[PDB]
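**Student:** First, the structure itself, so that you have it in front of you.
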Amino acid sequence: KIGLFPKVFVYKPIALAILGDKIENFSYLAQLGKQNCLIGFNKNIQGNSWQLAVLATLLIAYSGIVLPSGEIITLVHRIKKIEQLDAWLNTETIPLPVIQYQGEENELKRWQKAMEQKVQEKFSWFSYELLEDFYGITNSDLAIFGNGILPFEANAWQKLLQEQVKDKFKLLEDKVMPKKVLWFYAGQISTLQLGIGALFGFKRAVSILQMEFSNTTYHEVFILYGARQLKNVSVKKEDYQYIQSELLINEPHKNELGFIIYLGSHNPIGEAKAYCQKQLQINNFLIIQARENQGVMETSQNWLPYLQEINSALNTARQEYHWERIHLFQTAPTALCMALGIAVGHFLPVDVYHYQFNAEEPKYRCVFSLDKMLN
Amino acid sequence: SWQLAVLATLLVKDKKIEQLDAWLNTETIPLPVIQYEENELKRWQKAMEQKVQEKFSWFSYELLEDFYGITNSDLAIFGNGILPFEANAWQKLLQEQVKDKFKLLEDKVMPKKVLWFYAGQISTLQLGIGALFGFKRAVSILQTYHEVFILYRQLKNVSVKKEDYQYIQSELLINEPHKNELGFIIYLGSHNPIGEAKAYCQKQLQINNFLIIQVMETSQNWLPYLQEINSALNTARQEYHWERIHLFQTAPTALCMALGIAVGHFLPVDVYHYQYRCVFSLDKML
Amino acid sequence: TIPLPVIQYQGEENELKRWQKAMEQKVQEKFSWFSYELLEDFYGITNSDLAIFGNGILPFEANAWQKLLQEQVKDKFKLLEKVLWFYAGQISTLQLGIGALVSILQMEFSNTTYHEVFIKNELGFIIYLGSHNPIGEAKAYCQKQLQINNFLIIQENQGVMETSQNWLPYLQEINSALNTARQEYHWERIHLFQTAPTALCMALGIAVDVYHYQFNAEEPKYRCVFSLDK
RNA sequence: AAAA
RNA sequence: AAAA
C-alpha cells in the first residue's frame with residue numbers, strides 16, 4: 001500500500017516506522033488502526049508529520065500528526081478526529097451539500113455553514129474543509145451562485161441553468177466516482193428549483209432539505225434514499241389526504257391547460273390565471289392547493305405524500321385528454337419544487353413561468369420549458 | 001489575571017463562572033437590537049439587556065462587546081432628530097446601516113447560531129426593517145420589555161379561512177375589477193386611518209380596490225394575528241390579479257416588523273408612511 | 001451462465017460510464033468474479049459494445065429508429081452471444097424493438113442499484129404501467145391520425161411496481177390478454193402504445209405497429225416508429 | 001413565488 | 001413514455 005504526504009508505504013501491536021535518523025515503534029498507530037505495520041520510506045523528512053498518510057492507508061495526500069488519544073493535530077490536513085477520517089474513507093455514500101443562492105458571498109458562506117451543520121447532524125464526520133480536502137469540491141462548486149438578483153430575462157435564466165446547473169450534478173458525481181452520492185440539496189429561488197430538479201432527474205438519491213427557521217436547522221423533508229414511491233401515481237382523487245386538486249376544462253378542443261400549484265403561502269392562483277387568460281389564451285387548468293394547512297407543511301414529517309398526490313393528479317388529468325402544452329405557475333417550498341421537478345422531469349410539454357418580485361407587469365415569464373431543458 | 005483564559009479553555013466543549021461557561025458553551029447567542037435622544041437610546045438598550053437577561057442571565061452588553069466585538073452602537077439603528085417625511089432619507093437610512101447590519105453581525109459570530117432580539121420605534125418603517133431581516137431569521141420580537149413574537153413556519157400560515165377568523169375581520173372591496181392594484185389598510189394601532197387612506201387612494205392614486213384589516217393584549221403570543229393577516233391577503237389574491245399593493249396601516253411596531261418578515265419583498269408593495277409617502281418599496285428592498 | 005450486461009443509452013458518454021458502473025455492481029453482487037475490465041479481457045466485449053449508444057438525443061425521424069435497430073440492435077443481441085443477459089435500457093419504447101430482436105433489471109434509485117425484475121381489423125394495444133398516462137394522448141392520436149376506435153388497455157399498484165420481486169405475472173397477464181383478444185377478434189394490424197418501465201418493455205419484446213412519445217417534439221407527439229412485424 |  |  002502507498003500513501004502520499006507533503007510519501008509513505010504501509011505493509012501488513014508494533015507499527016514500526018523506519019527512518020534515517022532513528023527507527024521508532026509507534027505502537028499506538030497499530031492500536032488506533034487495528035493492524036501491525038512496517039512503515040517504509042524513500043527520503044528523510046524532518047518532523048513527525050508522515051503519521052496521517054500512514055494511518056489513512058492503514059484504515060490524495062494527507063498531512064498531520066497523530067496522538068495516542070486519536071485526536072489529530074498539525075491535500076487533507078484539516079481533520080481532527082479519528083472517526084471523521086474513518087467514515088470519510090470507508091463510507092458508501094458521500095454527502096454533497098448543494099445550495100442554490102443569488103446574493104453576496106457572506107450569506108453564501110453562512111448558508112453553507114448551516115447546510116454543513118445539517119449534514120453533520122446525520123454524518124458527524126462531514127465538514128466542508130474535509131470535503132474540499134478529500135475530493136476537491138470547494139464551497140463555490142456546490143453553490144449555484146450568482147452575484148445579486150437574477151435579471152428577469154429568460155435568456156439569463158437559461159444561461160444560468162446552462163453554465164452551472166446543467167452539468168453541476170454530472171461533474172460532481174464524476175468527481176466522487178467510486179462512491180455513491182447522497183445529494184443534500186437546498187435552494188433559494190423556487191421556480192429555479194423546477195429546472196434544477198428536471199436536470200437532476202428521478203435517478204438520483206437525494207435528501208432535499210428545508211430549514212426550520214425557528215431553529216435555523218434544515219430538515220430532511222424529502223428522503224429519497226435507503227425512491228420508487230417518488231413516482232407513485234396509484235393515489236386516486238378519492239384517496240387524497242394532503243393535496244386538493246381541481247381540473248377545469250372550458251375549451252376541450254384546445255390541447256392546452258394551465259398547471260398552477262399553491263402549497264406555499266403567497267397565493268399565485270389569481271395572477272397565474274390572469275396571465276393564462278390574458279397572455280396565453282388558455283381556459284383549461286389544473287389547480288393544486290393544500291387540503292387543510294395551507295402555507296405551512298410540517299418540516300418534521302416526510303413531504304413525499306404531497307408530491308405523490310400531485311403527480312397522481314397530474315397524470316389523472318392526462319387520462320382522457322391530450323395536452324400539447326402545459327404551463328406551470330407555482331408557489332411552493334424550495335424542496336417541494338425540486339422534488340416536483342425531479343418527479344415530473346422533462347417528459348411533459350411544461351413551460352415554467354417565474355414570478356419576479358422586482359419587475360414591471362407582467363411579473364411572469366417563461367424562463368424555461370421543461371421539455372426543452374435537454375436541448 | 002491570566003486565570004480566566006485558562007479557565008476558558010477548561011470550559012469549552014466544542015463576574016460569575018456561569019456567565020463565562022455559558023458564553024463559551026452556548027450556541028444560540030442572543031443579540032438585542034433597537035431601531036431608533038441618545039440618552040433614550042441608552043435607556044432602551046439597558047431595558048433590552050434586562051429583557052434578554054430574563055432568558056439569558058449570562059449575557060451582557062459588555063460581555064457581548066468583549067466576546068464578539070458587537071458594541072451597543074452596532075446594535076443601534078441610530079440617527080438624530082425626527083424623521084423627515086422625504087423618501088430619500090428613509091431609503092438612505094435603510095441602505096446605510098439596516099441593509100447589511102444583519103449580514104455583518106452574523107458574519108462576526110460565524111460558528112454559533114443566532115437568535116435575534118428585535119425592538120423598534122417607528123411603525124411603518126418596521127415593514128422595511130423586517131423585509132431586510134427576512135423570514136429566515138430565528139428572531140424574538142419584543143415590545144419593561146415583553147417578548148411578543150416567538151419565532152423560535154407557523155408565522156406564514158394562510159389556511160385560516162374568512163369564516164374561522166378568531167381575531168381580525170377582513171373586508172376586501174373591489175370596484176374596478178380590470179385594474180390590478182390593491183389598497184392595504186391594516187387597522188391595528190391607535191387612530192383609525194380608514195377615511196384618510198380611502199380618500200388618498202381615491203384622490204392621489206385612483207385606486208378603488210382596497211383591503212381593510214381590523215389595544216391588543218401584549219401578554220399572549222402574537223402569531224395568529226399575522227397568520228390571519230396573511231390568510232386574508234392570499235385569499236384576496238385568489239380570483240383576481242394585483243400588480244401594486246400600498247400599505248396605509250397603524251399597528252404595533254412588533255406586528256409591522258413581523259408582517260415585513262412574512263409578506264416580505266415578493267409582492268409589489270409600496271408602504272406609505274403617515275405622520276403619505278412611498279418611503280420604500282418592498283420589491284426594491286433587495 | 002456468462003454475464004452479459006447490455007444497456008441502451010442516448011446521451012453523454014460520462015453518464016453512460018456511470019450507468020455502466022452501476023450495472024457492473026449489479027452483476028457483481030450476483031456474479032462477484034465479473035468486471036468490466038474482466039469483460040474486456042476474457043471476451044473482449046468493451047463497454048461501448050455492450051452499450052446501445054447514440055450521442056445526444058435520438059432524432060424523431062423513423063429512419064433514425066430503423067438505422068439504430070438495424071445497424072446495432074439487430075446484430076447486438078445476436079452477435080454478442082453459455083451466456084445470460086442482464087438488460088436495462090434508457091428509452092422505454094426502444095426496448096420493444098430490442099426485446100423482439102434472461103435477467104431483465106430495473107434501477108431502484110433510493111439505494112441507486114438495479115433489481116432483477118424478470119428472470120375494421122385495426123386496434124390500439126394500450127399499456128399504462130409507468131407514471132405518465134398515455135391513454136389520452138395515444139387515443140387522440142389513434143382517433144385523429146390512424147382512425148382507430150377499438151383498443152386493448154393493459155393497466156393494482158400503478159406507478160410503483162415492486163422492484164424487489166418478479167414482474168413475470170405482469171408480462172404473463174399481458175400475454176394472456178393479448179392472446180385472448182387475438183382469439184376473439186382477428187387483428188391484421190395491432191397498434192401498440194405504452195408508458196412502462198424499460199425492463200417490462202424489453203420482456204414484452206422478448207415475448208404489430210409501435211409508436212413512441214418524444215418530449216422535445218412538436219405535435220403529433222406519436223409516430224409509427226417501426227412495425228413489430230418487420 | 002429570491003432558502004415556502 | 002429518454003433507466004417508469
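How things are named: the first chain in the C-alpha cells is A, the next is B, and so on; residues count from 1 in each chain; ligands count from 1 in the order shown.
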Write out as number ranges by chain which residues come within 10 Å of stretch 178-185 of chain C when counting only C-alpha atoms (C1' of nucleotides), dropping same-chain ones fewer than 4 positions away.
**Tutor:** C: 121, 125, 152-154, 172-174, 190
**Student:** Set the cut-off to 9 Å and count only C-alpha atoms: what are the residues of chain A that reach chain B? Output as JSON, numbers by chain.
**Tutor:** {"A": [106, 107, 109, 110, 113, 114, 148, 149, 211, 212, 213, 214, 215, 216, 264, 265, 266, 267, 268, 269, 270, 271, 272, 273, 274, 275, 290, 291, 292, 293, 294, 295, 296, 297, 298, 299, 355, 356, 357, 358, 359, 360, 361, 362, 363]}
**Student:** Could you name the residues that touch stretch 197-209 of chain B at 6 Å or less, counting only C-alpha atoms (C1' of nucleotides), but leaving out those on the same chain fewer than 5 positions away, as a list in words?
**Tutor:**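 So the residues in contact are residues 173, 174, 175, 182 and 183 of chain B.
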**Student:** Smallest atom-to-atom distance to chain E: which of C:197, C:11, C:5, C:44, using only C-alpha atoms (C1' of nucleotides)?
**Tutor:** C:197
**Student:** Which residues, written as a list in words, have at least one atom at most 6 Å from stretch 2-4 of chain E, with only C-alpha atoms (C1' of nucleotides) counted and residues fewer than 2 positions away on the same chain left out?
**Tutor:**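 Everything that qualifies: residues 89, 90, 91, 130, 196 and 197 of chain C.
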**Student:** Within stretch 230-342 of chain A, find each residue whose DSSP state, derived from the backbone, is strand (DSSP E), and express the selection as a count of residues only.
**Tutor:** 27
**Student:** Go ahead and compute the interatomic distance for atom CA of residue A:253 and atom CA of residue C:141, in Å to one decimal.
**Tutor:**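 So the answer is 14.0 Å.
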**Student:** Please report, as CSV, each residue of chain A lying at most 6 Å from chain D, together with the nearest pair of atoms and the separation in Å rounded to one decimal; use only C-alpha atoms (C1' of nucleotides), and order rows by chain and ascending residue number.
**Tutor:**
residue,atom,partner,partner_atom,distance
A:187,CA,D:3,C1',5.5
A:188,CA,D:3,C1',4.4
A:189,CA,D:2,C1',4.7
A:264,CA,D:4,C1',4.5
A:331,CA,D:1,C1',4.5
A:332,CA,D:4,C1',5.2
A:333,CA,D:4,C1',3.9
A:355,CA,D:1,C1',5.7
**Student:** Would you pick out the contacts of residue A:48 at 10 Å or less, using only C-alpha atoms (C1' of nucleotides), so that residues sharing its chain but fewer than 2 positions from it are not included, and give the list as a list in words?
**Tutor:**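 Listing them by chain and then by number gives residues 45, 46, 50, 51, 52, 63, 64, 65, 66 and 74 of chain A.
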**Student:** Report, in Å with one decimal, the straight-line distance from atom CA of residue C:158 to atom CA of residue A:322.
**Tutor:**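 Calculated distance between atom CA of residue C:158 and atom CA of residue A:322 is 19.9 Å.
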**Student:** Counting only C-alpha atoms (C1' of nucleotides), what is within 6 Å of stretch 121-133 of chain B, bar same-chain residues fewer than 2 positions away, as a ChimeraX atom specification?
**Tutor:** /B:35-36,253,256-257,260-261,264,273
**Student:** Report as a VMD selection string all protein, DNA and RNA residues lying within 10 Å of residue C:82, evaluated on only C-alpha atoms (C1' of nucleotides), omitting residues in the same chain fewer than 5 positions from it.
**Tutor:** chain C and resid 1 to 3
**Student:** Could you write out, as a PyMOL selection string, all the residues of stretch 18-47 of chain B that DSSP marks as helix (DSSP H, G or I)?
**Tutor:** chain B and resi 18-25+38-47
**Student:** Would you mind reading off the distance between atom CA of residue A:325 and atom CA of residue A:255, one decimal, in Å?
**Tutor:** 6.9 Å
**Student:** May I have the residues of chain C within 9 Å of chain E, counting only C-alpha atoms (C1' of nucleotides), written as a PDB file with N, CA, C and O atoms, in the first residue's frame?
**Tutor:**
ATOM      1  N   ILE C   7     -26.868  -2.449 -22.033  1.00  0.00           N
ATOM      2  CA  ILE C   7     -27.596  -1.257 -21.619  1.00  0.00           C
ATOM      3  C   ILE C   7     -27.765  -0.336 -22.819  1.00  0.00           C
ATOM      4  O   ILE C   7     -26.816  -0.111 -23.580  1.00  0.00           O
ATOM      5  N   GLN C   8     -28.979   0.174 -23.004  1.00  0.00           N
ATOM      6  CA  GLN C   8     -29.268   1.160 -24.033  1.00  0.00           C
ATOM      7  C   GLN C   8     -29.227   2.548 -23.411  1.00  0.00           C
ATOM      8  O   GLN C   8     -29.903   2.803 -22.409  1.00  0.00           O
ATOM      9  N   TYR C   9     -28.437   3.439 -24.004  1.00  0.00           N
ATOM     10  CA  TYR C   9     -28.355   4.814 -23.542  1.00  0.00           C
ATOM     11  C   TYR C   9     -28.287   5.743 -24.745  1.00  0.00           C
ATOM     12  O   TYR C   9     -27.887   5.347 -25.842  1.00  0.00           O
ATOM     13  N   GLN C  10     -28.692   6.991 -24.526  1.00  0.00           N
ATOM     14  CA  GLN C  10     -28.642   8.023 -25.561  1.00  0.00           C
ATOM     15  C   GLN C  10     -28.325   9.344 -24.868  1.00  0.00           C
ATOM     16  O   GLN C  10     -29.213   9.975 -24.286  1.00  0.00           O
ATOM     17  N   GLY C  11     -27.061   9.755 -24.925  1.00  0.00           N
ATOM     18  CA  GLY C  11     -26.652  10.985 -24.263  1.00  0.00           C
ATOM     19  C   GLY C  11     -25.146  11.124 -24.224  1.00  0.00           C
ATOM     20  O   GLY C  11     -24.442  10.700 -25.146  1.00  0.00           O
ATOM     21  N   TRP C  19     -23.721   4.853 -15.622  1.00  0.00           N
ATOM     22  CA  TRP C  19     -24.738   3.812 -15.719  1.00  0.00           C
ATOM     23  C   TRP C  19     -24.099   2.438 -15.852  1.00  0.00           C
ATOM     24  O   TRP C  19     -24.558   1.461 -15.245  1.00  0.00           O
ATOM     25  N   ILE C  57     -29.574  13.366 -28.363  1.00  0.00           N
ATOM     26  CA  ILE C  57     -30.938  12.848 -28.330  1.00  0.00           C
ATOM     27  C   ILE C  57     -31.237  12.188 -29.666  1.00  0.00           C
ATOM     28  O   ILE C  57     -30.894  12.727 -30.727  1.00  0.00           O
ATOM     29  N   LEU C  58     -31.853  11.010 -29.620  1.00  0.00           N
ATOM     30  CA  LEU C  58     -32.255  10.313 -30.834  1.00  0.00           C
ATOM     31  C   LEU C  58     -33.268  11.159 -31.597  1.00  0.00           C
ATOM     32  O   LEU C  58     -34.308  11.526 -31.030  1.00  0.00           O
ATOM     33  N   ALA C  88     -31.050  -3.525 -18.987  1.00  0.00           N
ATOM     34  CA  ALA C  88     -31.801  -2.355 -18.555  1.00  0.00           C
ATOM     35  C   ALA C  88     -31.435  -1.224 -19.500  1.00  0.00           C
ATOM     36  O   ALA C  88     -30.252  -1.006 -19.769  1.00  0.00           O
ATOM     37  N   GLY C  89     -32.444  -0.513 -20.012  1.00  0.00           N
ATOM     38  CA  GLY C  89     -32.225   0.486 -21.033  1.00  0.00           C
ATOM     39  C   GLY C  89     -32.820   1.825 -20.641  1.00  0.00           C
ATOM     40  O   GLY C  89     -33.568   1.941 -19.669  1.00  0.00           O
ATOM     41  N   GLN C  90     -32.465   2.844 -21.426  1.00  0.00           N
ATOM     42  CA  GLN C  90     -32.958   4.197 -21.195  1.00  0.00           C
ATOM     43  C   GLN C  90     -34.340   4.403 -21.808  1.00  0.00           C
ATOM     44  O   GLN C  90     -35.307   4.680 -21.094  1.00  0.00           O
ATOM     45  N   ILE C  91     -34.446   4.263 -23.126  1.00  0.00           N
ATOM     46  CA  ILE C  91     -35.702   4.517 -23.824  1.00  0.00           C
ATOM     47  C   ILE C  91     -36.637   3.336 -23.604  1.00  0.00           C
ATOM     48  O   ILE C  91     -36.279   2.186 -23.883  1.00  0.00           O
ATOM     49  N   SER C  92     -37.838   3.618 -23.094  1.00  0.00           N
ATOM     50  CA  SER C  92     -38.807   2.558 -22.836  1.00  0.00           C
ATOM     51  C   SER C  92     -39.304   1.930 -24.132  1.00  0.00           C
ATOM     52  O   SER C  92     -39.450   0.706 -24.218  1.00  0.00           O
ATOM     53  N   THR C  93     -39.567   2.749 -25.151  1.00  0.00           N
ATOM     54  CA  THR C  93     -40.110   2.222 -26.398  1.00  0.00           C
ATOM     55  C   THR C  93     -39.072   1.437 -27.187  1.00  0.00           C
ATOM     56  O   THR C  93     -39.419   0.462 -27.862  1.00  0.00           O
ATOM     57  N   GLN C 106     -34.331  -3.479 -13.403  1.00  0.00           N
ATOM     58  CA  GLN C 106     -34.803  -2.105 -13.355  1.00  0.00           C
ATOM     59  C   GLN C 106     -34.155  -1.416 -12.166  1.00  0.00           C
ATOM     60  O   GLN C 106     -34.044  -2.001 -11.085  1.00  0.00           O
ATOM     61  N   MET C 107     -33.741  -0.168 -12.367  1.00  0.00           N
ATOM     62  CA  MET C 107     -32.969   0.551 -11.364  1.00  0.00           C
ATOM     63  C   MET C 107     -33.869   1.036 -10.234  1.00  0.00           C
ATOM     64  O   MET C 107     -34.889   1.687 -10.476  1.00  0.00           O
ATOM     65  N   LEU C 129     -48.356   1.266 -17.440  1.00  0.00           N
ATOM     66  CA  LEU C 129     -47.793   0.747 -16.208  1.00  0.00           C
ATOM     67  C   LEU C 129     -46.687   1.625 -15.641  1.00  0.00           C
ATOM     68  O   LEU C 129     -46.120   1.282 -14.599  1.00  0.00           O
ATOM     69  N   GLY C 130     -46.373   2.741 -16.285  1.00  0.00           N
ATOM     70  CA  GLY C 130     -45.485   3.743 -15.732  1.00  0.00           C
ATOM     71  C   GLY C 130     -46.244   4.748 -14.898  1.00  0.00           C
ATOM     72  O   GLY C 130     -47.290   4.445 -14.317  1.00  0.00           O
ATOM     73  N   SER C 131     -45.719   5.970 -14.837  1.00  0.00           N
ATOM     74  CA  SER C 131     -46.373   7.050 -14.109  1.00  0.00           C
ATOM     75  C   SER C 131     -46.632   8.255 -15.006  1.00  0.00           C
ATOM     76  O   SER C 131     -46.637   9.394 -14.537  1.00  0.00           O
ATOM     77  N   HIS C 132     -46.839   8.019 -16.303  1.00  0.00           N
ATOM     78  CA  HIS C 132     -47.152   9.086 -17.258  1.00  0.00           C
ATOM     79  C   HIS C 132     -48.217   8.562 -18.218  1.00  0.00           C
ATOM     80  O   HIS C 132     -47.893   8.011 -19.271  1.00  0.00           O
ATOM     81  N   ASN C 133     -49.485   8.772 -17.857  1.00  0.00           N
ATOM     82  CA  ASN C 133     -50.645   8.214 -18.545  1.00  0.00           C
ATOM     83  C   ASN C 133     -50.642   8.551 -20.030  1.00  0.00           C
ATOM     84  O   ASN C 133     -50.830   9.716 -20.404  1.00  0.00           O
ATOM     85  N   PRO C 134     -50.445   7.567 -20.904  1.00  0.00           N
ATOM     86  CA  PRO C 134     -50.533   7.806 -22.349  1.00  0.00           C
ATOM     87  C   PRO C 134     -51.908   7.556 -22.946  1.00  0.00           C
ATOM     88  O   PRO C 134     -52.029   7.566 -24.173  1.00  0.00           O
ATOM     89  N   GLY C 159     -47.688   3.055 -11.061  1.00  0.00           N
ATOM     90  CA  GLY C 159     -46.610   3.986 -10.837  1.00  0.00           C
ATOM     91  C   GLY C 159     -45.548   3.484  -9.887  1.00  0.00           C
ATOM     92  O   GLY C 159     -44.421   3.991  -9.913  1.00  0.00           O
ATOM     93  N   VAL C 160     -45.879   2.509  -9.046  1.00  0.00           N
ATOM     94  CA  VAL C 160     -44.901   1.765  -8.265  1.00  0.00           C
ATOM     95  C   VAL C 160     -45.169   0.289  -8.502  1.00  0.00           C
ATOM     96  O   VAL C 160     -46.230  -0.220  -8.123  1.00  0.00           O
ATOM     97  N   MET C 161     -44.228  -0.389  -9.139  1.00  0.00           N
ATOM     98  CA  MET C 161     -44.264  -1.832  -9.293  1.00  0.00           C
ATOM     99  C   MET C 161     -43.083  -2.395  -8.522  1.00  0.00           C
ATOM    100  O   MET C 161     -41.954  -1.920  -8.683  1.00  0.00           O
ATOM    101  N   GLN C 194     -47.384   2.530 -25.214  1.00  0.00           N
ATOM    102  CA  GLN C 194     -47.118   2.147 -23.834  1.00  0.00           C
ATOM    103  C   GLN C 194     -46.364   3.237 -23.088  1.00  0.00           C
ATOM    104  O   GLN C 194     -45.502   3.914 -23.655  1.00  0.00           O
ATOM    105  N   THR C 195     -46.708   3.401 -21.814  1.00  0.00           N
ATOM    106  CA  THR C 195     -45.863   4.065 -20.824  1.00  0.00           C
ATOM    107  C   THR C 195     -45.544   3.001 -19.783  1.00  0.00           C
ATOM    108  O   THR C 195     -46.424   2.582 -19.024  1.00  0.00           O
ATOM    109  N   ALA C 196     -44.297   2.556 -19.748  1.00  0.00           N
ATOM    110  CA  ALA C 196     -43.956   1.375 -18.975  1.00  0.00           C
ATOM    111  C   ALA C 196     -42.488   1.443 -18.598  1.00  0.00           C
ATOM    112  O   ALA C 196     -41.711   2.161 -19.239  1.00  0.00           O
ATOM    113  N   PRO C 197     -42.078   0.724 -17.552  1.00  0.00           N
ATOM    114  CA  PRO C 197     -40.647   0.590 -17.273  1.00  0.00           C
ATOM    115  C   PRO C 197     -39.937  -0.079 -18.437  1.00  0.00           C
ATOM    116  O   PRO C 197     -40.514  -0.896 -19.156  1.00  0.00           O
ATOM    117  N   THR C 198     -38.670   0.293 -18.625  1.00  0.00           N
ATOM    118  CA  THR C 198     -37.896  -0.257 -19.732  1.00  0.00           C
ATOM    119  C   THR C 198     -37.731  -1.765 -19.605  1.00  0.00           C
ATOM    120  O   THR C 198     -37.691  -2.474 -20.619  1.00  0.00           O
ATOM    121  N   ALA C 199     -37.637  -2.270 -18.373  1.00  0.00           N
ATOM    122  CA  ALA C 199     -37.463  -3.702 -18.160  1.00  0.00           C
ATOM    123  C   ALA C 199     -38.664  -4.490 -18.666  1.00  0.00           C
ATOM    124  O   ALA C 199     -38.515  -5.495 -19.375  1.00  0.00           O
ATOM    125  N   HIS C 212     -43.869   5.889 -30.540  1.00  0.00           N
ATOM    126  CA  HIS C 212     -43.041   6.447 -29.481  1.00  0.00           C
ATOM    127  C   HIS C 212     -43.443   7.889 -29.202  1.00  0.00           C
ATOM    128  O   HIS C 212     -43.912   8.606 -30.092  1.00  0.00           O
ATOM    129  N   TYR C 213     -43.256   8.301 -27.952  1.00  0.00           N
ATOM    130  CA  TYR C 213     -43.544   9.652 -27.489  1.00  0.00           C
ATOM    131  C   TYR C 213     -42.223  10.347 -27.187  1.00  0.00           C
ATOM    132  O   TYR C 213     -41.435   9.859 -26.370  1.00  0.00           O
ATOM    133  N   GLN C 214     -41.981  11.478 -27.845  1.00  0.00           N
ATOM    134  CA  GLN C 214     -40.770  12.263 -27.648  1.00  0.00           C
ATOM    135  C   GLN C 214     -41.113  13.553 -26.919  1.00  0.00           C
ATOM    136  O   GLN C 214     -42.079  14.235 -27.276  1.00  0.00           O
ATOM    137  N   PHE C 215     -40.318  13.880 -25.901  1.00  0.00           N
ATOM    138  CA  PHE C 215     -40.610  15.047 -25.077  1.00  0.00           C
ATOM    139  C   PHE C 215     -40.334  16.346 -25.826  1.00  0.00           C
ATOM    140  O   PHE C 215     -41.148  17.275 -25.786  1.00  0.00           O
TER     141      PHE C 215
END
